Amino acid sequence: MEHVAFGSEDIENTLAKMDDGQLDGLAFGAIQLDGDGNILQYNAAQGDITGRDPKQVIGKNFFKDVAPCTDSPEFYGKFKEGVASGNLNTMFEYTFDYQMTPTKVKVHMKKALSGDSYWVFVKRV
Ligand SMILES: *C(=O)/C=C/c1ccc(O)cc1
């Protein structure tokens with residue numbers, strides 16, 4: 001298992017160094033998005049939470065297609081504010097309930113180290 005803790009101050013530095021295989025060793029869910037919300041990476045721990053097969057969601061749009069419950073000012077609105085301002089770093093609780101048993105999570109969104117892609121980190125609560 002990779003040793004990186006959810007919510008770490010320098011998490012984006014650690015994950016910039018990791019390939020796909022290593023992302024799958026994280027203890028929490030990790031999704032990498034572009035600025036339009038298209039899914040670039042989606043790890044195994046996230047699929048364990050949500051029942052989605054990573055291979056099938058990569059390339060889809062997270063807010064339009066995969067996770068409509070996150071199309072809300074509270075989630076998608078904060079994402080788009082952070083993409084526009086260049087300072088995305090926020091943590092909040094949320095419920096995921098589209099085609100799945102409703103599941104409470106903690107979400108951390110953070111800009112990636114290079115600044116042109118964005119992470120969504122998820123763990124159960
Ligand atoms: C709400 O529709 C949430 C859906 C969801 C969240 C996260 C995922 O990785 C997949 C689906």
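Rounded to the nearest 20 debye, what is the charge dipole size of the chain about its Cα centre when +1 sits on each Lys and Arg Cβ and -1 on each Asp and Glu Cβ?
That gives the chain a dipole magnitude of about 240 debye.
What distance in nm separates the two pseudo spin-label positions at residue 3 and residue 85, each 7 Å out from Cα along the beta-carbon direction?
Between residue 3 and residue 85, the simple spin-label model gives 3.5 nm.
Just to confirm a number: summing +1 for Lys and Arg and -1 for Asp and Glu over residues other than residue 49 whose beta-carbon lies under 10 angstrom from that of residue 49, what do you get?
Neighbour charge sum, excluding residue 49 itself: +2.
Can you tell me the length gained on complete extension of the stretch residue 14 to residue 116, counting 0.36 nm per residue apart and subtracting the Cα distance?
Net length gain for the segment: 35.1 nm.
Pull up the cross-link candidates among the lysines for residue 55, meaning alpha carbon to alpha carbon under 22 Å and not fewer than 8 places away within one chain.
Candidates past the 8-residue exclusion: 17, 64, 123.
Gaussian network model of the chain, Cα springs within a sub-10 Å range: biggest mean-square fluctuation belongs to which of 44, 30, 16?
16
Within straight cross-link reach of residue 78, meaning Cα distance under 20 Å, which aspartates and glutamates are found once same-chain residues fewer than 8 apart are removed?
By straight Cα distance, residue 78 reaches 9, 12, 34, 36, 65, 93, 97, 116.
Once Rh for the chain is found with the Kirkwood sum over Cα pairs, what is the Stokes-Einstein diffusion coefficient at 20 °C and 1.002 mPa s, in µm²/s?
For the chosen part, D equals 149 µm²/s.
Using Cα pairs under 8 angstrom and six or more residues apart, how large is the relative contact order of the chain, in percent?
That works out to 24 percent.
Springs between alpha-carbon pairs under 10 angstrom, Gaussian network model over the chain: which of 29, 37, 21 fluctuates most?
21
Please report the equivalent ellipsoid semi-axes of the range 46-89, computed as sqrt(5 x eigenvalue) of the Cα gyration tensor, largest first, in whole Å.
In descending order the semi-axes read 22, 11, 10 Å.
Helix-derived [θ] at 222 nm for the chain: sum -39500 (n - 2.57) over DSSP H runs of at least 4, divide by residue count, nearest 500?
-5000 deg cm²/dmol
No lab work stands behind these numbers, since they all come straight from the coordinates. Neighbour counts run over all protein chains shown; Cβ positions are idealised from the backbone, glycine included.
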